[PDB]
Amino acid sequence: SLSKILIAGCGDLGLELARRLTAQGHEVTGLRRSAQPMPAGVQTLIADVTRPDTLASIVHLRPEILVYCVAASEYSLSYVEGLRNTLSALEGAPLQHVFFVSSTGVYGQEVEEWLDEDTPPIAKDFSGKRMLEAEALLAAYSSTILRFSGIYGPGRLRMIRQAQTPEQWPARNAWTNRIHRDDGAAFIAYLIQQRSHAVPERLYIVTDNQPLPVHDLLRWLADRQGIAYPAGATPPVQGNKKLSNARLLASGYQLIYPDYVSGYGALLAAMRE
């Protein structure tokens, strides 16, 4: 039978993942907070991953797959706690794999280089350190850590809005890395479809094909929205890093939005009604 899936964390990524997995025939349940309204038709329960006493029901779901999105939502208190509590509460479930949504922010090194999963991350802030601490736990589990770059998509249109106001553009012209919400969800669904037969890797960077300096993205977005700014050189390109998605491409997954031109092209078209 198709694997039963528990998605812990029902933000936009978890909801889009649930939609795809349900369409493919899986039994999917989410774990959300009470202040998080759900769209009609999604199956969830309310619990608090930081409070073990609210997690006593989840083992009855008997998931074969856990997708844990909470630490990623938290990234955007300790993160490892919530994951530890959730795994402990699943003692007794027929759990075969854990997919953990992490962040490329764990790569705190700033380099004018391409980094990949072989590059050791040097965390430079509390969020990165907490994320690597949450990751570390999974060493004993059959698992895949997914370090997502910056998610964009419906309801994550900050770059589109910022592009409308060139006086508010950042002084530093750093590299930016992104993944569209629907590719992040579809890649996890793809790995779930593959898990039984093409065993997933323990770690992927989940990012699209084209990092770019933030000013190039802002100008491209400004150009397509009729936003005026002065012609001329952008600030020197410096800061952050470039992230390679070579391993994601080698899995056979096909990006829906290979680069910002495709993804932001679609979002501009949709927001216009």
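Residue positions are given as counts along the sequence shown, with the first one as 1.
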How many residues that are in the deposited sequence but not in the model lie between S88 and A89: none, 1 to 3, 4 to 9, or 10 or more? none
Averaging the C-alpha B factors as listed in the entry, name the stretch that ends up higher: 105-113 or 144-152. 105-113
Mean CA temperature factor from the deposited coordinates, higher in 175-183 or in 89-97? 89-97
Per the PDB entry, which option out of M159, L203, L138, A189 has the greatest Cα B factor? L138
By the recorded C-alpha temperature factor, relative to the other modelled residues in its chain, which third is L212 in? lowest
Chain-wide C-alpha B factor ranking for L2, given as lowest, middle or highest third: highest
In terms of the chain's CA B-factor thirds, is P37 lowest, middle or highest? highest
Select lowest, middle or highest to describe the third in which the CA B-factor of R51 falls within its chain in this entry. highest
Which third, lowest, middle or highest, does the C-alpha temperature factor of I256 belong to within its own chain? lowest
